[PDB]
């Protein structure tokens, strides 16, 4: 693994900052092309509670090395020194999808599905390689460039992603309560299905500007998710099509085995209309933009 990133890159402004990671814009000296450098602090000793373990960093790297698809972030280079592992990643310059959408006058369901379909294709690619993302939520759905007529979705942040191992169950507490599936809430075996639930949550918010399971407390949220306690309130879904509600309903399903898969989501008639009447229902229907704007501004 390569060593001195400063000899190869000019590093610029901070793009964001998480748990034990900071992301800065950078420019490769040899090509003059722009990237995002994700600096991940290594755990210095077994007993330390700052930094990420070797195993967790190498898992993220291994998965990123695999991925090549236009709707998923790509890895350019990896550097490591004594203190950090540095991932040189594709620059995703266009911000979060929801911030972009909240600047529009309106969003028809037809327009909404043009973005949602790109998310579905990115997840389709991942699931086809047996990779679960495990952290799908609005802030991980970004745009490459906000200044083009048809902006391109990029799924980011593979810090929680796992290659499904057929021979061993995977269980773990991770993610944000309002966006995670009942099996995560209940510490049951996890697989590709959890991503499908999160897509359902993302879709519900896209259309209404309301979080389906969010309670006043963490405990209330966990309980709402486990019970699959949600509804389509008239106040929020007054211009929402029956196809759209059916798409969300098929994803927000307690038993992972009964939940819609990624392949079936792409064939659902809200995404791929079978006749002109269905298509016209999607074109005429629209998001609750006044409430959507409020959701985006609040967070």
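Definition used throughout: the rigid core is the maximal C-alpha set that superposes within 1.5 Å between two forms. Positions refer to the first chain, counted from 1.
The stretch that moves more in 6 other deposited structures of this protein, judged by CA deviation after a rigid core superposition and choosing between 265-273 and 66-74, is 265-273.
In a rigid core superposition of the other structures in 6 other deposited structures of this protein, 183-191 and 167-175 differ in how far their CA atoms stray, and the farther one is 167-175. The records show that residue 105 is omitted from the coordinate set of at least a third of the other eligible entries of this protein. Comparing 133-141 with 161-169, the higher mean C-alpha B-factor in the PDB entry belongs to 161-169.
Relative to one another, 59-67 and 40-48 have unequal mean CA B-factors, and 40-48 is the one with the higher figure. Residues shown: 117, 76, 127, 150. Highest C-alpha temperature factor in the entry: 150. Note on the listed residues 246, 28, 264, 235: the highest Cα temperature factor in the record is that of 235. When the modelled residues of the chain are ordered by C-alpha B-factor, residue 204 sits in the lowest third.
Among the modelled residues of its chain, residue 187 has a C-alpha B-factor that falls in the lowest third according to the deposited record.
When the modelled residues of the chain are ordered by C-alpha B-factor, residue 21 sits in the highest third. When all modelled residues of the chain are sorted by CA temperature factor, residue 288 is found within the highest third. Split the chain's modelled residues into thirds by C-alpha temperature factor. Residue 250 is in the lowest one.
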